[PDB]
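Working notes, beginning with the structure itself.
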Amino acid sequence: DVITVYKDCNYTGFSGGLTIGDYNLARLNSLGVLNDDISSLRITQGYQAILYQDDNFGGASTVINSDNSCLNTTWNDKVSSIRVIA
Amino acid sequence: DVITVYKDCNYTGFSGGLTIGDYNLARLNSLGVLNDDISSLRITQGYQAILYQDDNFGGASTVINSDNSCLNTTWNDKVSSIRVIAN
Ligand SMILES: [Ca+2]
Ligand SMILES: [Ca+2]
Ligand SMILES: [Ca+2]
Ligand SMILES: [Ca+2]
Ligand SMILES: [Ca+2]
């Protein structure tokens with residue numbers, strides 16, 4: 001995996017590993033990752049995660065290109081879909 | 001390279017790529033990385049960097065197990081040797 005999303009801040013709690021591709025809520029759930037639940041994530045250099053407020057890559061978005069130990073109030077427990085790219 | 005050390009904060013400036021192993025100042029210099037100069041580091045999941053205040057792994061140490069965009073006052077521009085190990 002090149003991206004790992006964690007339930008709690010500081011890279012702890014249930015985690016899901018992601019590789020290049022698109023992850024709507026259903027796909028995140030298949031990994032055990034819940035909606036409006038991610039709080040931190042690791043980004044392997046050379047990759048990035050585009051976070052989306054709504055499912056199916058809709059709503060406001062933000063790009064994470066380095067490990068984030070605790071998402072801010074706008075993004076913490078708000079992610080519903082993610083796109084991972086090189 | 002599972003670990004990249006940068007000259008400046010926010011992963012910018014001259015960078016050196018490190019893999020599993022031990023890096024005294026001599027080895028860091030062979031990569032162009034200077035003494036008391038590192039300010040940020042990217043660390044690939046599954047690996048970690050043990051920083052040392054002095055050369056040859058001497059003095060105080062600290063572990064960087066996730067990207068650090070700007071070392072604190074105690075470690076910024078103070079690293080003299082590093083060891084990369086599995087995490
Ligand atoms: Ca959470
Ligand atoms: Ca990383
Ligand atoms: Ca949401
Ligand atoms: Ca510096
Ligand atoms: Ca030093």
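First the proteins, then the strands, lettered A, B, ... as listed; each starts at 1. Side chains are part of it too, since the values below use all heavy atoms of this structure and drop only hydrogens, waters and symmetry mates.
Each disulfide bond (SG atoms under 2.5 Å apart) pair with one or both residues in residues 7-87 of chain B, not counting sequence neighbours, appears once here: B:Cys9-B:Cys70.
Both B:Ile50 and B:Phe57 belong to a common hydrophobic cluster when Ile, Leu, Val, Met, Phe, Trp and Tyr are linked at side-chain heavy-atom distances under 4.5 angstrom.
The heavy-atom pair separating A:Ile20 from A:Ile85 by the smallest distance is CD1-C, 3.3 Å. B:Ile3 approaches B:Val84 most closely through the heavy-atom pair CD1-CG1, 3.4 Å.
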Is there any N or O donor on one of chain A and chain B with an acceptor on the other under 3.5 Å, and could you list each such pair with its distance?
unit_1  : atom_1 : unit_2  : atom_2 : d
A:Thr4  : OG1    : B:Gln45 : OE1    : 2.4
A:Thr4  : OG1    : B:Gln45 : NE2    : 3.3
A:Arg42 : NH1    : B:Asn65 : O      : 2.9
A:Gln45 : OE1    : B:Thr4  : OG1    : 2.6
A:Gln45 : NE2    : B:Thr44 : OG1    : 3.3
A:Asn65 : O      : B:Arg42 : NH1    : 2.9
A:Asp67 : N      : B:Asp67 : OD2    : 2.8
A:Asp67 : OD2    : B:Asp67 : N      : 2.8

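Residues A:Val5 and A:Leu18 form a side-chain contact, since some pair of their non-hydrogen atoms from C-beta on lies under 4.5 Å apart. At least one side-chain heavy atom of A:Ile38 sits under 4.5 Å from a side-chain heavy atom of A:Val33.
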